[PDB]
Amino acid sequence: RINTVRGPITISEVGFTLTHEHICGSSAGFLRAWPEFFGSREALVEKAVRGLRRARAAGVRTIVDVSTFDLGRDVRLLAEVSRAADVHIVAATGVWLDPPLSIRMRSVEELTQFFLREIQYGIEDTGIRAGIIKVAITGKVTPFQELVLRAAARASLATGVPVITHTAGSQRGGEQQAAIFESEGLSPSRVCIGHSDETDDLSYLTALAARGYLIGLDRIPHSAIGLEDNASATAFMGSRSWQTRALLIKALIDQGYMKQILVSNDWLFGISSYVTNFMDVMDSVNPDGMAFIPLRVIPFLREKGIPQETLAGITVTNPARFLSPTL
Amino acid sequence: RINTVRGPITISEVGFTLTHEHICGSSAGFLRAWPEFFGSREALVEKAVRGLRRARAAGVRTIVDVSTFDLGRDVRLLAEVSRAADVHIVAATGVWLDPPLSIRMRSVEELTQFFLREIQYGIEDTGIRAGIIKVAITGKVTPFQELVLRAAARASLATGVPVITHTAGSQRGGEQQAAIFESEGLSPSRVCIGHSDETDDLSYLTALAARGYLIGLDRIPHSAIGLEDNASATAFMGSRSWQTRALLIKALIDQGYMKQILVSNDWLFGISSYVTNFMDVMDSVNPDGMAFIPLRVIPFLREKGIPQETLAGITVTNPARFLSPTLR
Ligand SMILES: [Zn+2]
Ligand SMILES: [Zn+2]
Ligand SMILES: [Zn+2]
Ligand SMILES: [Zn+2]
C-alpha cells in the first residue's frame with residue numbers, strides 16, 4: 001500500500017498518476033506567515049481545487065506532490081485540496097535546493113533520521129506520512145547535496161519508499177547521482193532521475209534507462225517560446241517546445257524502455273519561491289495546468305502512433321510499480 | 001502601550017528588560033517539522049520556562065525575542081513560555097541572515113508590506129503583533145541586506161516600532177547601517193546597533209551614541225575563553241573576557257551616554273541553526289543563561305562604582321523609551 005495525505009491506498013486505487021507536481025512552491029512556514037502573498041490561503045485552496053478537479057475530469061486519479069520541507073510543503077493544504085478535489089496526493093520528504101541553516105548544518109545520520117520521521121511517523125503533528133523522498137542537485141553535486149543523496153538512499157533502503165531527483169537547469173547530473181545512490185546499495189528501480197526532459201541527449205537518457213532507473217520526463221508544458229522578452233520565464237521554463245519534450249517520451253519507447261518512463265507537468269497553483277506573479281506567466285503558457293498531460297500529451301503521442309496500451313502502461317502501471325514500497 | 005505575545009501592556013509594566021534574547025534559534029517551520037531535534041517540544045518548553053523563571057527571580061520582567069521568521073520564530077511557543085514564566089515577551093518581525101527564497105526574492109515594497117503585516121495585523125493566524133523589527137547585516141551590507149534595512153525603516157516610520165540590528169564582521173557595520181537608515185528619514189533614537197560589544201573600538205561606539213543611536217551591548221556572556229580545542233566555539237563565541245565587554249558599558253556611561261545603552265545576553269534555550277549540541281557548548285560557558293546580566297554584569301558594574309539609579313536607567317528606562325511606539 002501507498003501513503004497519501006488521506007491515508008493508505010491500494011495499488012489498484014492509484015490509477016492515472018502525475019508523478020512530479022506541486023500544489024504550491026514556496027518556503028517553510030511562508031504560506032502560514034504571509035498568506036496574502038497568494039491573495040489569501042482561501043484563494044489558493046480554491047485555485048488548486050478547481051485545477052485538480054479539471055485534471056480529475058481529464059482522467060488523473062493521483063498526483064505526487066514532491067514539495068519538500070524547504071519548498072514550503074504544507075501537508076494540511078495538501079490534505080484539504082486532496083479531499084475537496086477528491087484526487088489522491090502523495091506527499092514527500094527530502095531536501096530541495098533551499099535548505100535553511102537547521103537542515104544544511106545536519107549530518108547524513110541526522111538527515112536520515114529526519115526523512116525516516118516523515119515517512120514512518122508522520123509530517124509535523126499530522127500523522128500524514130510521506131510516500132516519496134525528493135532530492136535536488138546543482139550541476140556538480142555539492143558536499144551537502146551528497147549527504148542528502150546518501151540519507152535519501154538510506155531512508156529508501158529502510159522503508160521501501162522511492163527517491164525522486166531534481167536535476168537543475170539542463171546540466172543532466174543523473175550519472176553523478178546514480179553513482180552515489182549505487183555506492184549506498186540502492187536499486188535503480190527505486191529512483192527517478194527527474195527533469196530528464198530538459199536535455200535532448202538521448203544517449204544519456206537511454207543509458208540510465210538501461211540500468212533500470214526511472215526517467216522523469218516531467219516538465220512537459222514548460223516553455224518560454226514566445227516569451228523571449230521575459231528573462232525570468234526563459235530561465236525557469238526553457239526555450240524548447242512542449243512537443244520537443246514530449247517526443248523524448250516517444251524516443252525512449254522506440255528504444256524499448258517504455259517501462260522506465262514517468263511523465264508529469266511539474267505544475268503548481270501558487271509559487272512564492274521565484275519572481276513575483278510568476279504564476280500568471282505559467283498560467284498563460286499552459287491554461288490546462290495539470291490536465292496538460294492527459295489532454296494534450298497523450299493525444300499527441302497517439303497521433304505519432306504510440307499504442308494506447310503503451311500510454312496506459314506509462315501513466316498507470318509505471319507509477320504504481322514505482323510508488324509501491326519495495327525493499 | 002507595547003505589544004507582547006500575551007497582548008498589549010503599559011510602559012510601566014515593562015520593567016527590567018533584556019532587549020536582545022531568543023527562546024529558540026532555529027529556522028522557519030523547523031520546530032514544527034522536527035521537534036525531536038530539541039528532545040521534544042515539551043522538553044524545550046520546560047527548559048525555557050525554567051530559564052525564564054530564573055531570570056525573573058533575578059529581576060527580569062520583560063525580554064525582547066528578536067527571532068525573525070527566518071530564525072524560526074514560533075510565537076505560540078513564546079506565548080506558552082511567557083504565560084508559564086510570567087515574563088513578558090516582545091516578538092519580532094524583520095529578516096535575519098537566513099532568508100529562504102520566498103523572502104530573498106522580494107522587493108523593498110514587498111518586504112515593507114510583510115513587516116507591516118506582522119506589526120499591524122499579527123503573526124501568522126495568532127493575532128500576536130510584533131513590537132520590534134530585527135535586521136542583520138554582514139560585511140559592508142549586501143544589496144539584499146540594504147533592501148531589508150530600507151523596508152525596516154519604512155515599517156518603523158509607519159508604526160513607530162523600533163529597529164534592532166545584528167552587526168557582524170569588522171567593517172564598522174554600524175556606520176553603513178546608520179547611513180542607510182538616515183537616508184530613509186529614520187530617527188537614530190528608533191535604532192539599536194546590536195552586538196556592539198563585539199568590538200573594543202570605543203571611539204566608533206561613542207560617535208554612534210552621540211548621533212542618537214542606541215548601542216546594544218548584548219552578547220556579554222558569549223566572550224568564552226577556555227574552549228581553544230573547540231573551533232565552532234570561538235568562531236561563534238569570541239576570544240575576549242566578559243568583563244572587558246562589560247567595561248564598555250562603564251566606558252559609555254563615563255562619556256555621558258548612559259541613556260544610549262541597551263544591555264542583554266543574546267541567549268536562547270534551544271538552537272538548531274548551527275552545529276548539533278552547540279546549545280551544550282553555550283550552557284557550559286554560561287550556566288546562568290539569561291540571568292547572566294542581572295547576576296554577574298550588574299554586580300560587576302556596581303562594584304566599579306556605577307550607581308543604582310544609573311543601572312536602573314539602563315535596564316528599565318532605556319528599554320521602555322526604546323520600545324514605546326514613537327513617531328517622534
Ligand atoms: Zn524540480
Ligand atoms: Zn518540481
Ligand atoms: Zn544577532
Ligand atoms: Zn540574537
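Both counts, for ligands and for their atoms, begin at 1 and track the order of listing. A, B, ... follow the sequence lines: proteins, then strands. Residue 1 opens every chain. The analysis underlying the following values was restricted to heavy atoms, covering all of them including side chains, and did not include hydrogens, waters or symmetry mates.
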How long is the span from the NE2 atom in A:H195 to the CG atom in A:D218, to the nearest 0.5 Å? 5.5 Å
Would A:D98 and B:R104 pass as an ion pair if we require N to O under 4.0 Å? yes
Pairing of B:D266 and B:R219 as salt bridge, 4.0 angstrom limit: yes
Identity of the N, O or S atom of B:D266 lying closest to the Zn ion (ligand 4): OD1
Opening angle at the Zn ion (ligand 4) [NE2, B:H22; NE2, B:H20; to 10 degrees]: 110°
The Zn ion (ligand 2) reached by A:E21 (N, O or S, under 2.8 Å): no
Check B:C24 against B:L44 and note the closest heavy-atom contact, atom names and distance. SG-CD2, 4.0 Å
So the angle subtended at the Zn ion (ligand 3) by B:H166 atom ND1 and B:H195 atom NE2, rounded to 10 degrees, is 100°
